[PDB]
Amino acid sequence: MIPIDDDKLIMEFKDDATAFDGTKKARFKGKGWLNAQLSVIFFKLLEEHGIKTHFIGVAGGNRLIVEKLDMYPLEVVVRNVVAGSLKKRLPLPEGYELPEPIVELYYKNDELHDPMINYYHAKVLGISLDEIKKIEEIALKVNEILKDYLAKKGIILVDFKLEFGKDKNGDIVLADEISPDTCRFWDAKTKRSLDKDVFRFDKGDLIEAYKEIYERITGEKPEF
């Protein structure tokens, strides 16, 4: 994030990785580039499907030109398969296939460590019920488009996180990024993680896993 004018800014993807409220850190040469390219591909797929996103263009390498937005202080999580923190909320095992998608709202607040909230907390934070409902509707639509597109490539979309903001017309626009950092991707054949869980739980090689996704999505080996 680095400003350009009133209408747009630069989003730069870095090689840095963090986990567990920032207590785990490492750097992976090439991750910024992979995450940038993959966000681009995802943003363009969603745009074709009529999802408003902040993507404007590529600013070479690890940099995207994105629309400026009044950002909602939310992380919006959609879950298809039980994994991560959902295991501490429902007595269901890792890999449990949900009967329908779960949407969870988290309040972006470092002091409180991003606690889960509901519609009522959101309202006190200044987000109307109508806004929340539009946000969840978009998230669920994004889920269908991504889940289908990836299943046709042997990838299970386990869960993912989105962020949103409001544009000058008061429309709700998909923001941040969509990448193996912010999604769980499982190989359909083997159930193995091809995402940030590789780094989180030391499941092998992060760069190999992200390359895997990139190759399996684009049909080409990453040039860098």
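Whichever C-alpha set is largest while still superposing within 1.5 Å between the two forms counts as the rigid core. Numbers follow the displayed sequence, beginning with 1.
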When the core is superposed, where do the C-alphas shift more in 8 other deposited structures of this protein: in 202-210 or in 18-26? 18-26
Per the PDB record, is the mean Cα temperature factor higher over 87-95 or over 74-82? 87-95
Comparing 117-125 with 141-149, the one whose average Cα B-factor in the PDB entry is higher: 141-149
Which of these has the highest Cα B-factor in the record: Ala26, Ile156, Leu45, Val173? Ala26
Assigned third (lowest, middle, highest) for the C-alpha B factor of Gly57: highest
Compared with the other modelled residues in the chain, in which third is the CA B-factor of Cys183? lowest
Test of reading the entry: by CA B factor among the chain's modelled residues, which third contains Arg63? highest
Classify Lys189 as lowest, middle or highest third according to the C-alpha B-factor given in the PDB entry, relative to its own chain. highest
Where does the C-alpha B-factor of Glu131 rank in its chain, lowest, middle or highest third? lowest
